[PDB]
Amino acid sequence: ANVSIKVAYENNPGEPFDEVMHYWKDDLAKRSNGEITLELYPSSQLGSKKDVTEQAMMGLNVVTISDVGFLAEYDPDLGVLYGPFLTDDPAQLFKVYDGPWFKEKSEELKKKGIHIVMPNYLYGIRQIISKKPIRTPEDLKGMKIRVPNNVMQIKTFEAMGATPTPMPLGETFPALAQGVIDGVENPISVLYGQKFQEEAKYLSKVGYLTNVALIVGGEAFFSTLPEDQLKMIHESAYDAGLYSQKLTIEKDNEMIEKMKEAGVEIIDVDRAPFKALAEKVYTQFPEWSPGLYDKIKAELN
């Protein structure tokens, strides 16, 4: 039987993320002999991440890119895994995603209506592009940095001294052009693909978040599918995640040079003072289970 699945994301056509969605679509199409078809909706065509997630939860045949910081809204302990400067090594992160605590969380989420489809996308390392250079935390004072509607990211930027300004990625460009905000934070490929270099000419390599992304949909939808189809969807999704773990990194030199050609200065910074301020967020979540952060660090190594 033919199954169509809408795939919603904020990234624009040609971004590495969009390329990996094409990989996934082709992989799944081939495994299923054309019976399972992904319909791609880049550039926030289906609206905001939080809204798309709600539609999925009611049973719409849609998935969206997301992360554990968003999912913390539904399962609070997941928030710790989106914390700043957790590690610079993707391999360590993926140990937690592959471990039994994350499995338990993923099963909890199903009962809440949320089905993780792809658990292993390497989104990149999040940097900041801004209208004035950020070399020290002191430079962030007075700056309105856009962040997603993600509690951990909001608290992270507050702890470092900025004024976080949350909004969906699809609204960010005009806010930056108008000076409502004066910076944006994201992996360099996403910053470039969203054209923020037209409005901001300083890129600081704070590297505050080594970023894993998830594809998520609604359990009410996925539980209706036969086992053989679910297997093809999960396997092809995992393949795509593995592809992202090569492509995202491979794209680095190319993206650095494109930024330079657009007149953006790439700034290496002393990361330690940013990290020292950001680390305070780990004691700002009273709803976390006791010992959560310690357990996470123990699993990372």
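Residue numbers run from 1 along the displayed sequence.
Novice: Mean Cα B factor from the PDB record: higher for 29-37, or higher for 63-71?
Specialist: Per the PDB record, 29-37.
Novice: Return whichever of 274-282 and 14-22 has the greater mean Cα B factor according to the PDB record.
Specialist: Comparing 274-282 with 14-22, the higher average CA B-factor belongs to 274-282.
Novice: Which one of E54, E261, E265, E254 shows the top CA temperature factor in the record?
Specialist: The record points to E254.
Novice: For the listed residues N150, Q194, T224, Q92, which one has the largest C-alpha B-factor as given in the deposited model?
Specialist: The C-alpha B-factor peaks, among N150, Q194, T224, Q92, at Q92.
Novice: Would you mind ranking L46 by its C-alpha B-factor against the rest of the chain and naming the third, lowest, middle or highest?
Specialist: Bottom third by C-alpha B-factor.
Novice: Taking the chain's C-alpha temperature factors as the reference, tell me which third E138 falls into: lowest, middle or highest.
Specialist: Middle third - that is where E138 ends up once the chain's C-alpha B-factors are sorted.
Novice: Compared with the other modelled residues in the chain, in which third is the CA B-factor of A240?
Specialist: Ranked within chain, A240 CA B lands in the middle tercile.
Novice: What third of the chain, by the recorded C-alpha B-factor, contains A159?
Specialist: For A159, the deposited C-alpha B-factor lands in the highest third.
Novice: Lowest, middle or highest third: where is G99 by Cα B-factor in its chain?
Specialist: For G99, whose C-alpha B-factor we compare with every modelled residue in the chain, the answer is the highest third.
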